[PDB]
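# Summary of structural features
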Amino acid sequence: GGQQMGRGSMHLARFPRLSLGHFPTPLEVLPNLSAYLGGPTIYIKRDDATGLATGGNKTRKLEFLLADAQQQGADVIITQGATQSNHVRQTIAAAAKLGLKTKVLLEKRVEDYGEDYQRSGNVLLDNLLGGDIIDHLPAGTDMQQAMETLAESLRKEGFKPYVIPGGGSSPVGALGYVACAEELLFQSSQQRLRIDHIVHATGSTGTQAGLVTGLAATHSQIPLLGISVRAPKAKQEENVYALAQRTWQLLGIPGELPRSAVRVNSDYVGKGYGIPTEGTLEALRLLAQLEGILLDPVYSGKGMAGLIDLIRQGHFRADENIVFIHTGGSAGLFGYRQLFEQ
Amino acid sequence: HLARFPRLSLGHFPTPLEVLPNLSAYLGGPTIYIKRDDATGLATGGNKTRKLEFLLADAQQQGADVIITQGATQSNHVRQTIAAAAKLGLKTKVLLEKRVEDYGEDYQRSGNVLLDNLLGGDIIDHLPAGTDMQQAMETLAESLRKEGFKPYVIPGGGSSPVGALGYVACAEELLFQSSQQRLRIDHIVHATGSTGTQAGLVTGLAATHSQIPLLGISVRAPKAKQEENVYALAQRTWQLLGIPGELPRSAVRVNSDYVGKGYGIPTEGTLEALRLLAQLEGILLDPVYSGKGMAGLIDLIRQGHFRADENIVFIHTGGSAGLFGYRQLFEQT
């Protein structure tokens, strides 16, 4: 009864926002997957279909980040990511639409899987889209510090740079998923759908931080579960909360976000970032062969593997409805060809 | 009046119709709008999704229990057919034609092939170039009927009259958008291949007396052969709907100046079109189909074939998954 749809939107109204993707994304049922698992009814939110260089969740963040860049009058964009980063590909594409170049620092987090990982996938797309890959740094490099040194160098040359953090996960970027929460609330109300759980893959933290902020701000009752793609449970929850609280302050919402709203499950990380497990690969095959939907072996694939295992362990009732947010990532499949061919 | 025909929900329609202000200013001619049929949402999308919404609905009404189709190695139609059939809990039996044998291991194993395998396609055979693929399919279908199957054979590119109904619907969709958006459409241009997209658009634009010129940029066949084929399919699609009168032959126009060396072989202008669209608009074309379509649009604007006050709608038909099949060519520049 106390639900307050539009409260988030009213705080978002004072922030600039560029139209870069195709919104709202569809919210649709997965009937073959739901029958195969024999548990709750599974719905998918298609944030893979944002329309920006094969789409993805990073597109929502970029609509706020690049509006803010344009507001500052930036004339070059800087960001960073792992070799096969989706954020990097979408940032370059988005910046090209706005007529701006993008300088990129890539991090060699993963060096397995041969030449296809090095040169296909998101790397091929980065090149076609005209990204300026300034350096490939070793795993473990302070990537944020390297971007700030680059930014200062370009400033001395006369540029006005805007630095976008890894995954776009600043409080401004998290506003994109505050907006998604409101879009998911209206969508499901219009479809007469009662959402009992939201599940998605959580990484640099902006997607979960924005969703948690939007859901708490509208007094929605919907529990949200992040499936970690890298960090352990306690570390990921602390970073999500910290960013979500910084986003709560940016929106100017009084008080504090409930800490019990941040929940992560890290049982599906496997050996580390960008390393799929055999459960990751099954999730990809199940979603492609039962639903014609393409996941990815780094992010959405681990998020779905988490969901499939939770259903199989009996965590949900048949009359419950689960929303899986498809966060995208299909372009990365091609960097993983050596592993698929085994 | 397409509700008389069965239609399944496979894609996300209507697709956006957006202006491209960077490309339009760079070329200095008319205003270019892009219809985003690369964003149908079916296994990275594409024009083939529109056809399959009617092909697989008709197949369901006939009680089909297995789909058969065919295409070249990097066929976008094969990928989308496997994905669409998977949604119905149907398997797909695929024959591939080895039209192109350049571009190395990525062409053979990446791109649409990687997707075809992940989506569970059953590639029955890799046939040599020039094979009568429709006859190969009919032999497979008859062989499956003896095993008790009820197969539904989809022709190459989904370009039967039923499939072309997909772009008759797109024509109505485009008219409504430009009407609400208050946009005068002066020309429509798109890459034309197996003929279904153009035959459907011509039949829709003509049945409503829209008077919008349509140009198909061929990806393979020469002009006269392609116009003959589009016109024949558009006529059967005209009769399938019961439209009064008959379809005018002057409505079918094709330009085949951008085929280059043949199917799946991009020219230097094809690759320039891919770079311009990616760097000016963040939009990914493909070197087989939509990139050749855009190379033709770019070249005709440079020839002053259009005035600045005209509005061009380019239908982005998709194909970006095939970019990965062409990595080795990209890595030469």
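Residues numbered from 1 in each chain as written, not as in the entry; some residues may be left out. Chains lettered and ligands numbered in written order. Heavy atoms only, no water.

In its metadata, the entry names X-ray crystallography as the structure determination method and reports 1.80 Å as the resolution.

Selection criterion: UniProt positions are given in the numbering used here, feature names are shortened, and annotations may be inferred rather than shown by experiment.
Identification of chain B as D-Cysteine desulfhydrase from Pectobacterium atrosepticum SCRI1043 is taken from the PDB entry. The PDB lists this entry under the title "Crystal structure of D-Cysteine desulfhydrase from Pectobacterium atrosepticum". According to its UniProt record, chain B has this under Cofactor (unreviewed entry): "pyridoxal 5'-phosphate".

The PDB entry lists chain A under the name D-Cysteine desulfhydrase, from Pectobacterium atrosepticum SCRI1043. Turning to chain A, the UniProt record has this under Sequence similarities (unreviewed entry): "Belongs to the ACC deaminase/D-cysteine desulfhydrase family." UniProt, in the comment section headed Cofactor (unreviewed entry), describes chain A in these words: "pyridoxal 5'-phosphate".

## Quick word on the UniProt feature "active site" (unreviewed entry) in chain A
Formally: Working definition: helices are DSSP H or I runs of at least four residues, strands are E runs of at least two. Numbering for both runs from the N terminus.
When the UniProt feature table is mapped onto this chain, "active site" (unreviewed entry) is found at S85 of chain A. Of note, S85 of chain A is situated in the loop between β3 (76–82) and α4 (86–97).

## What to know about the UniProt feature "domain: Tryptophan synthase beta chain-like PALP" (unreviewed entry) in chain A
UniProt records the feature "domain: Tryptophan synthase beta chain-like PALP" (unreviewed entry) at residues 19–328 of chain A, using the numbering of this structure. As annotated, residues 19–328 of chain A has a helix share of 45% and a strand share of 17%, and its two end C-alpha atoms lie 19 Å apart.

## A word on the environment of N127 of chain A
Structurally, the position occupied by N127 of chain A is in helix α6 (residues 122–128). C-alpha separation for the pair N127 of chain A and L175 of chain A, spaced 48 residues apart in sequence, amounts to 29 Å.

## Remarks on the packing of helix α10 (residues 268–281) of chain B against helix α11 (residues 290–302) of chain B
All names here are of chain B. The condition is simple: Note on definitions: angles span 0 to 180 degrees between N-to-C directions of axes, and those axes are lines fitted to C-alpha atoms, for helices only across the stretch in contact. Orientation labels follow simple angle bins: below 35 degrees gives roughly parallel, above 145 gives roughly antiparallel, 65 to 115 gives roughly perpendicular, and whatever is left gives oblique. Contact definition: two residues touch when any of their heavy atoms are within 4.5 Å. Residues are grouped as follows: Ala, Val, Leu, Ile, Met, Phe, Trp, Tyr, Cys and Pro are nonpolar; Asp, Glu, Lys and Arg are charged; every other residue, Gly included, is polar.
Viewed as axis vectors pointing N to C, α10 and α11 meet at an angle of 90°, and their least axial separation amounts to 8 Å. With respect to α11, the axis of α10 lies roughly perpendicular. For the pair α10 and α11, the contacting residues are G269, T270, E272, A273, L274, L276 and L277 in the first and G291, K292, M294, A295, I298 and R302 in the second. Taken together, the residues that form the contact of α10 with α11 break down as seven nonpolar, three polar and three charged.

## Some details on the UniProt feature "domain: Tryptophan synthase beta chain-like PALP" (unreviewed entry) in chain B
UniProt records the feature "domain: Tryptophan synthase beta chain-like PALP" (unreviewed entry) at residues 9–318 of chain B, using the numbering of this structure. Helix makes up 45% of residues 9–318 of chain B and strand 17%. Its end C-alpha atoms lie 19 Å apart.

## Some thoughts on the interface of chain A and chain B
Heads up, the condition is: Computed with a 1.4 Å rolling probe, the buried area is the accessible surface lost when two parts are put together, summed over both parts. We define a salt bridge as a contact between a side-chain nitrogen of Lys or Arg and a carboxyl oxygen of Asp or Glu at a distance within 4 Å.
Each side of the interface is counted separately: chain A has 37 residues, and chain B has 41 residues. When chain A packs against chain B, close to 3,200 Å² is buried across both sides, 61% of that on carbon and sulfur atoms. The largest per-residue losses of area from chain A upon contact with chain B belong to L128, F334 and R337 of chain A, which jointly make up 22% of the total buried on that side. For the pair chain A and chain B, the number of links is five salt bridges. With its nearest N and O atoms 3.6 Å apart, the salt bridge here joins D106 of chain B to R337 of chain A.

## Examining the UniProt feature "active site" (unreviewed entry) in chain B
With numbering aligned to this structure, UniProt lists the feature "active site" (unreviewed entry) at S75 of chain B. Tracing the backbone shows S75 of chain B in the loop between β3 (66–72) and α3 (76–87).

## A closer look at helix α11 (residues 278–291) of chain A
Convention followed: Under the convention used throughout, the expected extent of a helix is 1.5 Å for every residue step, that is, one less than its residue count. Think of it in three bands: with a 1.4 Å probe and only protein chains considered, a residue is buried below 20% of the maximum accessible area for its type, exposed above 50%, and partly exposed in between. Here a polar contact means two N or O atoms within 3.5 Å. Within protein one must be a hydrogen donor candidate and the other an acceptor candidate, and residues neighboring in sequence count only if both atoms are side-chain atoms.
For α11 of chain A, built from 14 residues, the straight-helix expectation of 20 Å at 1.5 Å per residue is met to within 8% by its first-to-last C-alpha distance of 19 Å. Looking only at α11 of chain A, the buried set comprises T280, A283, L284, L286, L287, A288, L290 and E291 of chain A. Residues of α11 of chain A that are buried sit in contact with α2 (31–37), α12 (300–312) and α13 (337–340) of chain A together with α3 and α5 (111–118) of chain B. The distance from a side-chain oxygen at the start of α11 of chain A to the backbone nitrogen of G279 of chain A is 2.9 Å, and the residue carrying that oxygen is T277 of chain A. Positioned one or two residues after α11 of chain A, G292 of chain A has a phi angle of 60°, which is positive.

## Brief notes about the environment of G204 of chain B
On the secondary structure map, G204 of chain B appears in helix α8 (residues 196–207). Between the C-alpha atoms of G204 of chain B and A169 of chain B, which are 35 residues apart in sequence, the distance is 7.2 Å.

## Things to note about the domain arrangement of chain A
All names here are of chain A. The condition is simple: The split into domains, and so the bounds of each, comes from an automatic or database assignment of domains.
Splitting chain A by domain gives domain 1 (1–56 + 168–342) and domain 2 (57–166). For domain 1 and domain 2, the distance between their C-alpha centres works out to 23 Å. Here domain 1 meets domain 2 over a buried area of about 3,600 Å², counting both sides, of which 60% is carbon and sulfur. Residue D47 is joined to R60 by a salt bridge in which the shortest nitrogen-to-oxygen separation is 2.9 Å. There are 21 residue pairs in polar contact connecting domain 1 and domain 2. Residue contributions to the side of domain 1 that touches domain 2 peak at eight residues, all from helix α8 (residues 171–190).

## Description of the domain arrangement of chain B
Residue and element names in this part refer to chain B. With domains assigned, chain B is organised as domain 1 (1–46 + 158–332) and domain 2 (47–156). Here the C-alpha centroids of domain 1 and domain 2 sit 23 Å apart. The partner domain 2 presents 37 residues to the 47 residues of domain 1 that form the contact. Between domain 1 and domain 2, the buried area comes to about 3,500 Å², and carbon and sulfur atoms account for 62% of it. For domain 1, the biggest contributors to the area lost against domain 2 are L8, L10 and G158; these three give 18% of the whole. One salt bridge connects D37 with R50, and the closest N-O pair in it is separated by 2.6 Å. For the pair domain 1 and domain 2, the number of links is 23 residue pairs in polar contact.

## Focus on the nonpolar core
Spelled out, the test is: Working definition of a nonpolar core: buried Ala, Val, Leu, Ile, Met, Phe, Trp, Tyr and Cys residues. They are joined through side-chain atoms within 4.5 Å.
Within the largest apolar cluster, 177 residues are counted, with the highest numbers of intra-cluster contacts made by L66, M304 and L307 of chain A together with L56, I188, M294 and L297 of chain B. Of all the elements, helix α7 (residues 161–180) of chain B adds the most residues to this core, at nine residues. Once residues within four sequence positions are removed from consideration, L297 of chain B is found in contact with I32, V189, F306, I312 and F314 of chain B.

## What to know about the pairing of strand β4 (residues 101–108) of chain A
Residues and elements named next belong to chain A. Inclusion rule: At least two bridges found by DSSP between two strands are what make those strands a pair.
In terms of burial, β4 is largely enclosed, as six of its eight residues are buried. Both β3 and β4 contribute to a ladder of seven bridges, which runs parallel. Looking at the pairing, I77 lines up with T102 of β4. Of the pairings in the sheet, the one linking β4 to strand β5 (residues 132–138) comprises six bridges and is parallel in character. Paired with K108 across the two strands is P138, which belongs to β5.

## Looking at the packing of aromatic side chains
Residue and element names in this part refer to chain B. Here is the rule we go by: Any pair of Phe, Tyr and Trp rings, taking the six-membered ring for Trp, is counted once the centres come within 6.5 Å. Such a pair is stacked with planes under 30 degrees apart, edge-to-face with planes over 60 apart, and tilted for the rest.
For the structure shown, the criterion picks out nine aromatic pairs over all chains. Consider the rings of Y107 and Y326, whose centres lie 5.4 Å apart with planes at 90°: the pair is edge-to-face. Of the two residues, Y107 sits in helix α4 (residues 104–109) while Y326 sits in the loop between β10 (311–316) and α12 (327–330), which places them 219 residues apart along the sequence. A single burial state applies to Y107 and to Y326, both of which are buried.

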